[PDB]
Each structure stands twice: as structure tokens, then as C-alpha cells.
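Q: The following block contains the structure, expressed as C-alpha cells.
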Amino acid sequence: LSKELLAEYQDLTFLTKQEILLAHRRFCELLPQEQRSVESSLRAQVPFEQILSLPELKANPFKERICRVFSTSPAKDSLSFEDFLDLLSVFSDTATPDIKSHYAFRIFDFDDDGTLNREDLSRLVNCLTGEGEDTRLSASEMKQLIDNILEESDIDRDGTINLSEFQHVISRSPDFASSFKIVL
Ligand SMILES: [Ca+2]
Ligand SMILES: [Ca+2]
């Protein structure tokens with residue numbers, strides 16, 4: 001499951017009629033009531049801040065990467081309520097074990113490159129711990145922490161975790177396996 005097939009679903013398969021009609025009304029109130037024109041709403045995008053009106057996805061230490069990666073735009077200066085809302089609803093329940101990992105591995109990779117480094121792992125665990133504190137932070141102790149986990153989990157000790165290794169390593173030991181419950 002590559003980012004390709006996913007892009008195909010994002011096209012015009014994740015956009016229903018009832019959800020779009022109802023969602024449009026909700027996003028309409030936030031926007032000038034005078035511009036209630038549909039030909040303008042569907043032909044026009046929604047400001048960035050306008051989206052921030054949902055502290056929900058904000059709780060995500062990387063709401064910028066999740067939206068940018070999940071959303072699509074030319075200069076990435078605008079955000080559509082379609083993809084944005086789709087991400088929420090999709091990650092609300094549709095979040096199936098399969099799409100769960102795929103989405104994760106993608107969001108987990110802070111570099112958004114594909115592979116995962118010791119830092120990426122120190123970001124998800126830290127950020128969640130309590131961003132802005134001496135708590136679980138990158139250091140000598142945290143250095144041997146990831147290494148030890150990689151050795152106990154993966155053998156190739158490639159020094160990094162890929163998609164295949166991510167799905168396993170994560171669900172290979174009560175470690176992140178138990179915490180793998182819900183992440184975003
Ligand atoms: Ca990386
Ligand atoms: Ca490995």
C-alpha cells in the first residue's frame with residue numbers, strides 16, 4: 001500500500017454527499033455568510049487559521065506535517081475542508097489496522113522521507129511525554145534506550161526502522177505494541 005493508491009481514494013471516493021452537505025454548513029458559519037455561494041465554496045479553498053478552529057487535530061505535535069502530507073496544494077498556503085475533514089472522520093473509526101499502520105508510519109516519519117531514525121522515535125515518545133520539559137529527552141540514556149530496543153526487537157540492527165520493521169517492532173513486544181493503541 002503506497003501513497004499512490006491512497007491518492008486515488010482521496011480523489012472523489014472519500015467525499016460523500018451527506019457529510020459534505022452537513023460539513024459545508026458547519027464550515028460556512030465560520031466563513032462570511034455572504035459567501036454561502038456553493039459555486040464559490042467548492043471553487044474556493046479554506047484559510048489555514050480557519051482550520052485551526054479545531055484544537056482536535058491540533059493536539060498532534062505535527063499537525064502541520066499531518067495536514068501537509070495528507071492535504072494537497074500548490075504553494076501549500078491553503079487547506080481544503082474536504083481532505084481535512086476526511087482525515088478526521090477516517091481517523092475517527094474507519095481507522096482499520098491496515099490503514100492504521102500505513103497512516104502511522106507516514107506520520108511517524110518526521111522527516112516524511114520514509115525511513116525512521118533514532119530521532120523520529122525520540123520525537124513521538126517525547127512529544128507525547130510532555131513537550132517542553134527535561135522529561136524523556138534526547139540524551140545518553142535515551143540513546144541506549146532506542147538502541148537496546150532495536151537490538152532486542154530487530155536483529156539486522158540496521159540502525160533504523162522501516163515500514164516492515166515498524167509494523168513488527170511495534171507489535172513485536174509489549175513495548176510500543178500496547179501503546180500502539182491510538183497515535184496521531
Ligand atoms: Ca526519517
Ligand atoms: Ca531494524
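Chain labels run A, B, ... following the order of the C-alpha cells; each chain numbers its residues from 1, and ligands are numbered from 1 in the order shown.
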Residues near stretch 93-108 of chain A, anyone? I mean within 7 Å using only C-alpha atoms, not counting same-chain ones fewer than 3 positions away, as a PDB file with N, CA, C and O atoms, in the first residue's frame.

A:
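Resulting contents of out_1.pdb:
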```
ATOM      1  N   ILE A  66       0.972  16.423   9.301  1.00  0.00           N
ATOM      2  CA  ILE A  66      -0.166  15.548   9.048  1.00  0.00           C
ATOM      3  C   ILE A  66      -1.084  16.155   7.992  1.00  0.00           C
ATOM      4  O   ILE A  66      -1.551  15.461   7.090  1.00  0.00           O
ATOM      5  N   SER A  89     -12.642  12.140  10.107  1.00  0.00           N
ATOM      6  CA  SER A  89     -13.632  11.069  10.053  1.00  0.00           C
ATOM      7  C   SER A  89     -12.964   9.717   9.812  1.00  0.00           C
ATOM      8  O   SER A  89     -13.297   8.718  10.463  1.00  0.00           O
ATOM      9  N   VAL A  90     -12.021   9.694   8.879  1.00  0.00           N
ATOM     10  CA  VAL A  90     -11.312   8.464   8.558  1.00  0.00           C
ATOM     11  C   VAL A  90     -10.542   7.961   9.776  1.00  0.00           C
ATOM     12  O   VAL A  90     -10.582   6.774  10.100  1.00  0.00           O
ATOM     13  N   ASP A 112       9.408  12.705   6.971  1.00  0.00           N
ATOM     14  CA  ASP A 112       8.470  12.448   5.882  1.00  0.00           C
ATOM     15  C   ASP A 112       9.193  11.863   4.668  1.00  0.00           C
ATOM     16  O   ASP A 112       8.710  11.966   3.540  1.00  0.00           O
ATOM     17  N   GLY A 114      10.529   8.452   4.664  1.00  0.00           N
ATOM     18  CA  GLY A 114      10.080   7.064   4.581  1.00  0.00           C
ATOM     19  C   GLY A 114      10.686   6.216   5.693  1.00  0.00           C
ATOM     20  O   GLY A 114       9.989   5.422   6.323  1.00  0.00           O
ATOM     21  N   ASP A 120      13.335  10.417  15.163  1.00  0.00           N
ATOM     22  CA  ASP A 120      11.902  10.260  14.928  1.00  0.00           C
ATOM     23  C   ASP A 120      11.235   9.572  16.115  1.00  0.00           C
ATOM     24  O   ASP A 120      10.171   9.990  16.569  1.00  0.00           O
ATOM     25  N   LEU A 163       9.163   0.415   7.252  1.00  0.00           N
ATOM     26  CA  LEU A 163       7.741   0.097   7.323  1.00  0.00           C
ATOM     27  C   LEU A 163       7.531  -1.330   7.828  1.00  0.00           C
ATOM     28  O   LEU A 163       6.768  -1.560   8.765  1.00  0.00           O
ATOM     29  N   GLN A 167       5.932  -2.095  11.586  1.00  0.00           N
ATOM     30  CA  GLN A 167       4.744  -2.882  11.890  1.00  0.00           C
ATOM     31  C   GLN A 167       5.070  -3.976  12.899  1.00  0.00           C
ATOM     32  O   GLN A 167       4.297  -4.233  13.822  1.00  0.00           O
TER      33      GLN A 167
END
```

Q: Let me see if you get this right: every residue at most 6 Å from ligand 2, counting only C-alpha atoms and all ligand atoms, written as number ranges by chain.

A: A: 154, 156-161, 165

Q: Atom CA of residue A:85 and atom CA of residue A:183 are how many Å apart?

A: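 Computing the Euclidean distance for atom CA of residue A:85 and atom CA of residue A:183 yields 17.7 Å.
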
Q: Determine, counting only C-alpha atoms, which protein, DNA and RNA residues have an atom within 12 Å of an atom of residue A:65; residues of the same chain fewer than 5 positions away are not included. Present the result as a list in words.

A: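 My reading of the contact set: residues 57, 58, 60, 70, 71, 72, 76, 106, 107, 108, 109, 110, 111, 112, 113 and 184 of chain A.
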
Q: Pick from A:20, A:145, A:34, A:171: nearest to residue A:84, with only C-alpha atoms counted?

A: A:20

Q: DSSP on the backbone, then: every residue of chain A marked alpha helix (DSSP H), written as a VMD selection string.

A: chain A and resid 3 to 12 18 to 30 38 to 41 48 to 52 55 to 58 63 to 70 81 to 89 97 to 108 118 to 130 140 to 153 163 to 172 174 to 179

Q: Out of A:150, A:142, A:44, A:116, which residue has the shortest atom-to-atom distance to ligand 1 when counting only C-alpha atoms and all ligand atoms?

A: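 Checking each candidate against ligand 1, we get A:116 as the closest.
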
Q: What is the distance between atom CA of residue A:42 and atom CA of residue A:77, in Å to one decimal?

A: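 Between atom CA of residue A:42 and atom CA of residue A:77 the gap is 16.8 Å.
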
Q: Counting only C-alpha atoms and all ligand atoms, which of A:122, A:144, A:2, A:153 gets nearest to ligand 1?

A: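 Going through A:122, A:144, A:2, A:153 one by one, the smallest distance to ligand 1 is for A:122.
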
Q: Nearest to ligand 1 among A:121, A:139, A:67, A:128, with distances taken over only C-alpha atoms and all ligand atoms: which residue is it?

A: A:121
